[PDB]
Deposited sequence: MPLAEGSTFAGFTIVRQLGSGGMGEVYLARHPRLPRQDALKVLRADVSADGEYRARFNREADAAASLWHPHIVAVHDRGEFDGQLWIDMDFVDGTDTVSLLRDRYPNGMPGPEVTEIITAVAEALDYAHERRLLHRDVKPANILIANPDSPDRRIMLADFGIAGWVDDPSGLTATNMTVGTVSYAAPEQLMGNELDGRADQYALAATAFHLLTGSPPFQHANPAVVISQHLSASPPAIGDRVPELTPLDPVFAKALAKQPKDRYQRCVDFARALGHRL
């Protein structure tokens, strides 16, 4: 609900997402930033300094609305790259590149006792995808995207890094095929499959990818104890077969 508008000195350029997120020209510096705005306290994002995690510049309050100024990743999210190219799935080597980059960001955040809690294709941005300056970034540190949420997180149990691993594996499944491991119009059904349904064989969707079956079986395990120890271990197990 703002275009060509001025907000805390920022000039609104485009809507980027929804907590509504605008592409905005900075009041003092000649560059474009991502401005997240509230209508009616994630300091952790400022705590993180990683080449694959979107940086926060500043936070504030303008006319009762809380705002976060952060880096703008000038490219696409993996959702759009999936729908406009690769509707049936991304090439294996490009997925290992993206998942490794995000695995590192998450492992870094985990070592500092911070969980992302919402890893999904829409939070994986790639600046200049077809350029040498190509850069993979992780952003955004009731029925939301239950498509990638780990069962223990849905149940509201005590979390660790292996919750984000599940989400990353669910994300990777989506990127390689053209759909998440559990697809249904009814969120309640998706939630129930996360909790109770055996994780599906990726080979049953894309025959060429059968070798990865035990990899997704492991990373999408119901019990966190049965997954990989770190996200890069999962990313490496992908690489080994792609």
| item | value |
| --- | --- |
| Missing segments of the deposited chain sequence, listed N- to C-terminal | 1-2, 21-23, 46-59, 161-177 |
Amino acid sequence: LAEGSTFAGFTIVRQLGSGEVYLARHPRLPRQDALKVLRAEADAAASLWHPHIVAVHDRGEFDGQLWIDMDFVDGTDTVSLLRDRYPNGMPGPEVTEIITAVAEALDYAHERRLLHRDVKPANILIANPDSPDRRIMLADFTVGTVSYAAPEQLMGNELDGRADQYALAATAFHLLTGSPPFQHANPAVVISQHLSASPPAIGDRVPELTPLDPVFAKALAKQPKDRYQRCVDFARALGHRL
From here on, numbers count along this sequence of modelled residues.
query: Mean C-alpha temperature factor, higher of 48-56 and 31-39; finding: 31-39
query: Mean C-alpha B-factor comparison - 78-86 and 155-163, higher one; finding: 78-86
query: Identity of residue with top Cα B-factor, from 123, 171, 145, 100; finding: 145
query: Relative C-alpha B-factor of residue 8, binned into the chain's lowest, middle or highest third; finding: middle
query: Entry-reported Cα temperature factor of residue 235, expressed as the chain third it lands in; finding: lowest
query: For residue 94, the third of its chain into which the C-alpha B factor falls; finding: middle
query: Where the record places residue 72 (Cα B-factor, split into thirds across the chain); finding: middle
query: Residue 202, C-alpha B-factor rank within chain (lowest, middle or highest third); finding: middle
